[PDB]
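What follows is one structure encoded as structure tokens, with my remarks underneath.
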Amino acid sequence: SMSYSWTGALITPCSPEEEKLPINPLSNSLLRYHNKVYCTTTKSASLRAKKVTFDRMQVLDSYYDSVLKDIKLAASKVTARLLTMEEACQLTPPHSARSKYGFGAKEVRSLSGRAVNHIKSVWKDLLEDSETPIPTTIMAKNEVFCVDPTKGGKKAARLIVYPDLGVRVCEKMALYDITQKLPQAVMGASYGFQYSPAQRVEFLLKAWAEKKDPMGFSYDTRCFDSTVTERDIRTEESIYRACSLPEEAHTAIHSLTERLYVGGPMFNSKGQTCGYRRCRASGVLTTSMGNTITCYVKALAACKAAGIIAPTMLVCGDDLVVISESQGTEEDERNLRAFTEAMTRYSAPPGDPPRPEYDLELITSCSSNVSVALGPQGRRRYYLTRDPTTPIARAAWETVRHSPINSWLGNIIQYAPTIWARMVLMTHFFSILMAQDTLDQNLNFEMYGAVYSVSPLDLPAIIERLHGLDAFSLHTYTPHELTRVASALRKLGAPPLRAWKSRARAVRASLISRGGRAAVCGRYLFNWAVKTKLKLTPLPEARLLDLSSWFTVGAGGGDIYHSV
């Protein structure tokens with residue numbers, strides 16, 4: 001069947017859209033070539049719709065069947081419960097899209113009578129009606145990128161397909177607890193969204209080390225959500241429901257599956273019928289968990305069919321990395337082709353074909369890779385990093401255009417040990433926060449697509465807990481890494497690293513002069529900027545942080561919120 005059908009009605013914006021980065025001295029101090037930075041808008045929505053609309057064929061074999069059997073068996077070991085109204089409401093991001101039924105995220109979080117009463121009626125309706133398709137809205141995401149000189153043109157907007165706020169809260173009640181337990185039970189250490197960056201690093205290094213002769217590859221499915229079939233989605237349901245659950249959860253999950261997850265009508269922001277979906281909904285609670293489980297089953301079966309030897313997989317939704325025992329360079333290329341052929345039969349054909357890789361630094365999982373640097377005592381330290389182009393371009397946008405999501409803060413947290421997050425992002429944003437006098441204000445950001453809230457004044461403690469003390473002291477990064485960072489700065493017309501060090505001395509001094517938590521930030525975050533280094537010691541606040549499952553609770557992304 002076709003992933004989508006369309007009426008001809010346009011995808012429409014909900015608020016005024018801006019395509020270009022403003023010319024502004026503040027953003028200009030981060031990067032000068034403003035014309036290279038763009039934001040996707042509804043203008044490119046029809047192009048994406050064409051891209052994500054195609055026919056799916058799916059043929060399953062004995063390899064697939066066997067994997068699925070193991071997974072349902074693993075799933076049966078899970079016991080999960082419904083979330084209460086209060087628990088599901090508290091998971092709602094403060095700026096989650098408002099309901100058409102006279103309330104918004106604020107009313108949900110505060111448990112207002114109108115919101116709670118509506119949500120109860122939506123739940124009851126799910127239990128009583130397991131058939132009527134539930135309406136969704138389709139929107140074009142507004143996201144910022146830099147032009148790519150090797151891709152030719154600008155990216156088309158991604159599309160998001162989501163149900164009313166009332167339904168989103170019900171999704172949490174029915175399935176949130178499952179997102180916290182099922183992926184781990186089914187694929188164990190292969191579930192990527194349970195890991196902090198330092199933990200992902202540890203996993204990759206260990207998978208690499210355990211092979212006598214490691215070969216790695218990433219598999220890029222062309223538009224994964226669109227490749228997900230109605231049968232895949234019902235299989236997901238059977239996996240969810242293999243868990244031990246109360247009857248009421250079974251009913252709600254079955255109903256959500258038939259009325260929402262397997263498909264349904266799409267409306268534009270003007271309320272016009274826009275099309276009909278028959279693939280994965282991109283904006284539901286189960287998008288990431290569903291993708292992760294379905295990618296895993298198909299990929300694991302594909303490894304077996306293809307003769308991939310001793311596969312170790314890292315799965316993060318549709319993002320897949322496979323590390324295995326090389327069979328020789330010619331054999332590896334043959335086996336990868338076979339893998340692709342099997343994934344294709346299972347209805348997950350490739351975008352760019354996979355390529356055998358024999359150097360871990362060059363393997364990307366979720367756009368990130370493991371690199372190596374030296375700690376304060378000359379010890380080798382591994383850390384996660386990525387090309388900084390998109391982070392810096394978004395940072396520049398965020399400095400001059402209000403956004404409820406501060407990607408710069410999420411990048412500093414996830415990529416704290418990197419030379420680019422330290423020298424560029426920390427330097428730039430601490431200077432801005434001091435000028436605004438808003439150092440202490442909590443800010444929302446995303447990690448793995450879920451929403452979090454922290455104060456920048458708590459960064460040293462958070463960074464130490466997540467990444468260790470050495471994150472404040474790495475030096476002697478690799479030529480690959482330094483070359484990539486310097487290239488990105490040059491491309492964006494940003495000041496080079498040496499100029500950031502000059503700026504950071506003054507930012508550091510300013511932070512220290514304020515005493516308190518600000519001075520802690522100055523001493524810890526910017527110890528790299530001064531010749532005479534302070535000896536940094538463990539922060540008492542770091543051990544007091546509840547972060548052990550900080551990533552797990554985001555469920556791989558969605559309409560999910562947590563505060564620190």
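All residue names refer to the structure tokens as shown: chains lettered A, B, ... in order, residues numbered from 1 in each chain, ligands numbered from 1 in order.
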
Pick out the residues sitting within 7 Å of residue 241 (chain A), and hand them over as a ChimeraX atom specification; count only C-alpha atoms, and ignore anything fewer than 3 positions along from it in its own chain. /A:237-238,250

Keeping only N, CA, C and O atoms, write those residues as a JSON list (two decimals), in the first residue's frame.
```json
[["chain", "number", "residue", "atom", "x", "y", "z"],
["A", 237, "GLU", "N", 1.86, -3.80, 18.47],
["A", 237, "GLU", "CA", 0.81, -4.03, 19.46],
["A", 237, "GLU", "C", 0.96, -5.41, 20.13],
["A", 237, "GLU", "O", 0.87, -5.51, 21.36],
["A", 238, "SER", "N", 1.19, -6.45, 19.34],
["A", 238, "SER", "CA", 1.27, -7.80, 19.92],
["A", 238, "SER", "C", 2.48, -7.94, 20.83],
["A", 238, "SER", "O", 2.45, -8.68, 21.80],
["A", 250, "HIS", "N", -4.83, -3.34, 28.01],
["A", 250, "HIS", "CA", -4.96, -4.12, 26.78],
["A", 250, "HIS", "C", -5.98, -3.46, 25.87],
["A", 250, "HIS", "O", -5.73, -3.30, 24.67]]
```

Sorted per-residue table, region 175-283 of chain A near region 357-381 of chain A, closest atoms and distance, 10 Å, only C-alpha atoms, as a Markdown table:
```
| residue | atom | partner | partner_atom | distance |
| --- | --- | --- | --- | --- |
| A:192 | CA | A:365 | CA | 9.5 |
| A:197 | CA | A:368 | CA | 9.3 |
| A:198 | CA | A:370 | CA | 9.4 |
| A:200 | CA | A:370 | CA | 8.7 |
| A:201 | CA | A:370 | CA | 6.0 |
| A:202 | CA | A:370 | CA | 9.2 |
| A:204 | CA | A:370 | CA | 7.8 |
| A:205 | CA | A:360 | CA | 8.0 |
| A:208 | CA | A:360 | CA | 7.4 |
| A:213 | CA | A:358 | CA | 8.8 |
| A:214 | CA | A:358 | CA | 6.7 |
| A:215 | CA | A:358 | CA | 5.3 |
| A:216 | CA | A:357 | CA | 5.0 |
| A:217 | CA | A:357 | CA | 5.8 |
| A:218 | CA | A:364 | CA | 6.9 |
| A:219 | CA | A:365 | CA | 9.5 |
```

Determine, counting only C-alpha atoms, which protein, DNA and RNA residues have an atom within 10 Å of an atom of residue 116 (chain A); residues of the same chain fewer than 5 positions away are not included. Present the result as a ChimeraX atom specification. /A:85-86,89,103,107-111,121-122,166,169

Taking 6 positions as the minimum chain separation for residues in the same chain, which residues sit within 12 Å of residue 212 (chain A) when counting only C-alpha atoms? Answer as a ChimeraX atom specification. /A:206,309-310,323-327

Any idea what the distance is between CA of residue 522 (chain A) and CA of residue 383 (chain A)?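 CA of residue 522 (chain A) sits 22.3 Å away from CA of residue 383 (chain A).
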
Which one of A:12, A:150, A:291, A:137 sits closest to residue 317 (chain A) if you count only C-alpha atoms?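 Going through A:12, A:150, A:291, A:137 one by one, the smallest distance to residue 317 (chain A) is for A:291.
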
All alpha helix (DSSP H) positions in region 218-393 of chain A, as number ranges by chain: A: 224-227, 230-240, 247-256, 286-306, 329-345, 389-393

Looking at A:342, A:408, A:334, A:499, which one is nearest to residue 62 (chain A), with distances taken over only C-alpha atoms? A:342

Quick check for you: according to DSSP on this backbone, which residues of region 288-356 of chain A are classed as strand (DSSP E)? Reply as a PyMOL selection string. chain A and resi 312-316+319-325

Figure out the distance between CA of residue 185 (chain A) and CA of residue 69 (chain A), please, to one decimal in Å.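 These two atoms are separated by 13.6 Å.
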
CA of residue 75 (chain A) to CA of residue 129 (chain A), straight-line distance in Å: 26.6 Å

Nearest to residue 33 (chain A): which of A:177, A:489, A:195, A:542 is it, counting only C-alpha atoms?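 Looking only at the distances to residue 33 (chain A), the closest residue turns out to be A:489.
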
Neighbouring residues of region 550-563 of chain A were defined as those with any atom within 7 Å, considering only C-alpha atoms; residues of the same chain fewer than 4 positions away were excluded. Please report them as a PyMOL selection string. chain A and resi 91-93+96+179-180+193-196+283-285+288-289+448-454

Write out, as a compact mmCIF listing (two decimals), in the first residue's frame, the residues just selected, with N, CA, C and O atoms.
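Okay, result.txt is ready:
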```
# COMPACT_ATOMS: atom_id res chain seq x y z
N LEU A 91 3.91 14.65 32.82
CA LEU A 91 4.87 14.37 31.76
C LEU A 91 4.71 15.30 30.55
O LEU A 91 5.51 15.25 29.63
N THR A 92 3.67 16.12 30.57
CA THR A 92 3.35 17.00 29.44
C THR A 92 4.24 18.25 29.43
O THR A 92 4.28 18.98 30.42
N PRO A 93 4.95 18.49 28.31
CA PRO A 93 5.79 19.70 28.20
C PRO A 93 4.94 20.95 28.33
O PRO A 93 3.82 20.98 27.82
N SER A 96 3.51 22.10 25.08
CA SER A 96 2.88 21.11 24.21
C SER A 96 1.69 21.78 23.53
O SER A 96 0.99 22.59 24.16
N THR A 179 7.16 2.03 27.74
CA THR A 179 8.36 2.63 27.13
C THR A 179 9.57 2.56 28.07
O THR A 179 10.72 2.55 27.63
N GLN A 180 9.30 2.48 29.37
CA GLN A 180 10.37 2.44 30.36
C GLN A 180 10.97 1.04 30.57
O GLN A 180 12.04 0.92 31.15
N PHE A 193 18.58 4.42 23.65
CA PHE A 193 18.03 5.58 24.35
C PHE A 193 18.17 5.52 25.87
O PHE A 193 17.82 6.47 26.57
N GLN A 194 18.68 4.41 26.38
CA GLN A 194 18.91 4.28 27.81
C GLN A 194 20.25 4.85 28.24
O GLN A 194 20.54 4.95 29.43
N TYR A 195 21.07 5.23 27.26
CA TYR A 195 22.46 5.62 27.52
C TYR A 195 22.68 7.11 27.50
O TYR A 195 22.17 7.82 26.63
N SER A 196 23.48 7.58 28.45
CA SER A 196 24.07 8.90 28.35
C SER A 196 25.14 8.84 27.25
O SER A 196 25.52 7.75 26.81
N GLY A 283 4.42 11.73 15.12
CA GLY A 283 4.25 12.45 16.37
C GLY A 283 3.38 11.77 17.43
O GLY A 283 2.53 12.40 18.03
N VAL A 284 3.61 10.48 17.67
CA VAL A 284 2.90 9.79 18.75
C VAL A 284 3.89 9.26 19.79
O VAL A 284 5.09 9.23 19.55
N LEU A 285 3.38 8.86 20.96
CA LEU A 285 4.26 8.42 22.03
C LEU A 285 5.07 7.20 21.59
O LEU A 285 6.25 7.08 21.92
N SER A 288 9.08 6.50 18.75
CA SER A 288 10.46 6.06 19.00
C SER A 288 10.55 4.61 19.45
O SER A 288 11.36 3.83 18.93
N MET A 289 9.73 4.23 20.42
CA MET A 289 9.73 2.84 20.87
C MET A 289 9.37 1.88 19.73
O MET A 289 10.04 0.88 19.52
N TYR A 448 17.61 13.54 22.86
CA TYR A 448 16.93 12.39 22.24
C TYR A 448 15.45 12.71 21.97
O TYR A 448 14.60 11.83 22.09
N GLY A 449 15.16 13.96 21.61
CA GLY A 449 13.80 14.35 21.27
C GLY A 449 12.80 14.52 22.42
O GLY A 449 11.62 14.80 22.18
N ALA A 450 13.26 14.35 23.65
CA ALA A 450 12.42 14.60 24.83
C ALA A 450 12.82 15.92 25.48
O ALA A 450 13.95 16.36 25.31
N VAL A 451 11.90 16.54 26.22
CA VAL A 451 12.12 17.89 26.76
C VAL A 451 12.61 17.87 28.21
O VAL A 451 12.07 17.16 29.05
N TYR A 452 13.62 18.69 28.49
CA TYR A 452 14.17 18.78 29.83
C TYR A 452 14.30 20.25 30.22
O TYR A 452 14.25 21.13 29.36
N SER A 453 14.49 20.51 31.51
CA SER A 453 14.65 21.87 32.00
C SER A 453 15.78 21.95 33.01
O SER A 453 15.79 21.20 33.98
N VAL A 454 16.76 22.82 32.77
CA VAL A 454 17.81 23.05 33.77
C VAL A 454 18.24 24.52 33.81
O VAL A 454 17.98 25.30 32.88
```

I want to know what sits within 12 Å of region 65-68 of chain A, based on only C-alpha atoms, with residues of the same chain fewer than 4 positions away left out; could you give that as a tab-separated table (two decimals) with N, CA, C and O atoms, in the first residue's frame?
```tsv
chain	number	residue	atom	x	y	z
A	59	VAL	N	7.79	-8.70	2.43
A	59	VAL	CA	7.75	-10.16	2.47
A	59	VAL	C	8.61	-10.66	3.63
A	59	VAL	O	9.81	-10.39	3.68
A	60	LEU	N	7.99	-11.36	4.56
A	60	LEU	CA	8.72	-11.85	5.73
A	60	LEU	C	9.16	-13.29	5.51
A	60	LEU	O	8.53	-14.03	4.76
A	61	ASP	N	10.26	-13.69	6.15
A	61	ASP	CA	10.76	-15.05	6.02
A	61	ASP	C	10.99	-15.67	7.38
A	61	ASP	O	10.62	-15.12	8.41
A	72	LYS	N	8.85	-11.65	21.40
A	72	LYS	CA	7.61	-11.79	22.15
A	72	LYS	C	7.84	-12.57	23.44
A	72	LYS	O	7.23	-12.27	24.47
A	73	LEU	N	8.73	-13.55	23.38
A	73	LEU	CA	9.09	-14.30	24.58
A	73	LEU	C	9.77	-13.39	25.61
A	73	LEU	O	9.40	-13.39	26.78
A	74	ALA	N	10.74	-12.59	25.16
A	74	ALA	CA	11.39	-11.63	26.04
A	74	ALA	C	10.37	-10.64	26.61
A	74	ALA	O	10.40	-10.32	27.80
A	75	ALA	N	9.46	-10.17	25.76
A	75	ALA	CA	8.45	-9.20	26.17
A	75	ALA	C	7.55	-9.74	27.28
A	75	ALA	O	7.06	-8.96	28.11
A	186	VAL	N	13.60	-6.53	25.55
A	186	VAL	CA	13.58	-7.14	24.24
A	186	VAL	C	14.96	-7.18	23.58
A	186	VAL	O	15.34	-8.17	22.94
A	187	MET	N	15.74	-6.12	23.74
A	187	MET	CA	17.03	-6.04	23.06
A	187	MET	C	18.19	-5.72	23.99
A	187	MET	O	19.33	-5.60	23.53
A	232	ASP	N	3.37	-4.16	10.55
A	232	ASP	CA	4.42	-3.88	11.53
A	232	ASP	C	3.81	-3.27	12.78
A	232	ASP	O	4.22	-3.56	13.91
A	235	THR	N	1.97	-5.77	14.72
A	235	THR	CA	2.97	-6.59	15.38
A	235	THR	C	3.52	-5.90	16.63
A	235	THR	O	3.68	-6.53	17.69
A	236	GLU	N	3.80	-4.60	16.52
A	236	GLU	CA	4.16	-3.80	17.68
A	236	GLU	C	3.14	-3.95	18.81
A	236	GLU	O	3.51	-4.17	19.95
A	238	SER	N	1.19	-6.45	19.34
A	238	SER	CA	1.27	-7.80	19.92
A	238	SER	C	2.48	-7.94	20.83
A	238	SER	O	2.45	-8.68	21.80
A	239	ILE	N	3.55	-7.21	20.50
A	239	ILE	CA	4.70	-7.13	21.38
A	239	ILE	C	4.37	-6.37	22.67
A	239	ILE	O	4.67	-6.87	23.76
A	242	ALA	N	2.26	-8.51	24.84
A	242	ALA	CA	2.85	-9.74	25.36
A	242	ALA	C	3.29	-9.52	26.80
A	242	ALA	O	3.47	-10.48	27.55
A	293	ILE	N	11.96	-0.94	18.24
A	293	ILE	CA	11.66	-2.37	18.26
A	293	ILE	C	11.58	-2.94	16.84
A	293	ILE	O	12.15	-4.00	16.55
A	294	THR	N	10.90	-2.23	15.95
A	294	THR	CA	10.73	-2.71	14.58
A	294	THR	C	12.04	-2.71	13.78
A	294	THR	O	12.32	-3.63	13.01
A	295	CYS	N	12.84	-1.68	13.99
A	295	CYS	CA	14.17	-1.65	13.38
A	295	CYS	C	15.00	-2.83	13.85
A	295	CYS	O	15.61	-3.54	13.05
A	296	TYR	N	15.01	-3.05	15.16
A	296	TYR	CA	15.74	-4.18	15.75
A	296	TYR	C	15.35	-5.55	15.18
A	296	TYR	O	16.22	-6.35	14.83
A	297	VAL	N	14.05	-5.83	15.11
A	297	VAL	CA	13.60	-7.12	14.61
A	297	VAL	C	14.03	-7.34	13.18
A	297	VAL	O	14.56	-8.40	12.82
A	298	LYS	N	13.77	-6.34	12.34
A	298	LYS	CA	14.13	-6.43	10.93
A	298	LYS	C	15.63	-6.56	10.74
A	298	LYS	O	16.10	-7.43	9.99
A	299	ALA	N	16.39	-5.72	11.45
A	299	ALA	CA	17.85	-5.73	11.33
A	299	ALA	C	18.48	-7.02	11.84
A	299	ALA	O	19.37	-7.58	11.20
A	300	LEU	N	18.01	-7.50	12.99
A	300	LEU	CA	18.59	-8.71	13.55
A	300	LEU	C	18.34	-9.90	12.63
A	300	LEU	O	19.22	-10.72	12.42
A	301	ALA	N	17.14	-9.97	12.06
A	301	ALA	CA	16.81	-11.03	11.12
A	301	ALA	C	17.64	-10.87	9.85
A	301	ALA	O	18.10	-11.85	9.27
A	302	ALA	N	17.86	-9.62	9.45
A	302	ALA	CA	18.66	-9.35	8.25
A	302	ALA	C	20.10	-9.79	8.43
A	302	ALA	O	20.72	-10.32	7.50
A	303	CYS	N	20.65	-9.59	9.63
A	303	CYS	CA	22.01	-10.06	9.92
A	303	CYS	C	22.10	-11.57	9.74
A	303	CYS	O	23.05	-12.09	9.15
A	304	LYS	N	21.10	-12.28	10.24
A	304	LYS	CA	21.09	-13.74	10.15
A	304	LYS	C	20.96	-14.19	8.70
A	304	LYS	O	21.73	-15.02	8.23
A	305	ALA	N	20.01	-13.61	7.97
A	305	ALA	CA	19.84	-13.90	6.55
A	305	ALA	C	21.09	-13.58	5.74
A	305	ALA	O	21.42	-14.30	4.79
A	346	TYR	N	11.97	-6.73	3.89
A	346	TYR	CA	11.24	-6.50	5.14
A	346	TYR	C	10.59	-5.12	5.15
A	346	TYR	O	9.98	-4.72	6.14
```

Closest to residue 167 (chain A) among A:318, A:248, A:125, A:481, using only C-alpha atoms? A:125

Nearest candidate to residue 313 (chain A) (options A:417, A:354, A:149, A:188; using only C-alpha atoms):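 Answer, going by the shortest atom-to-atom distance: A:188.
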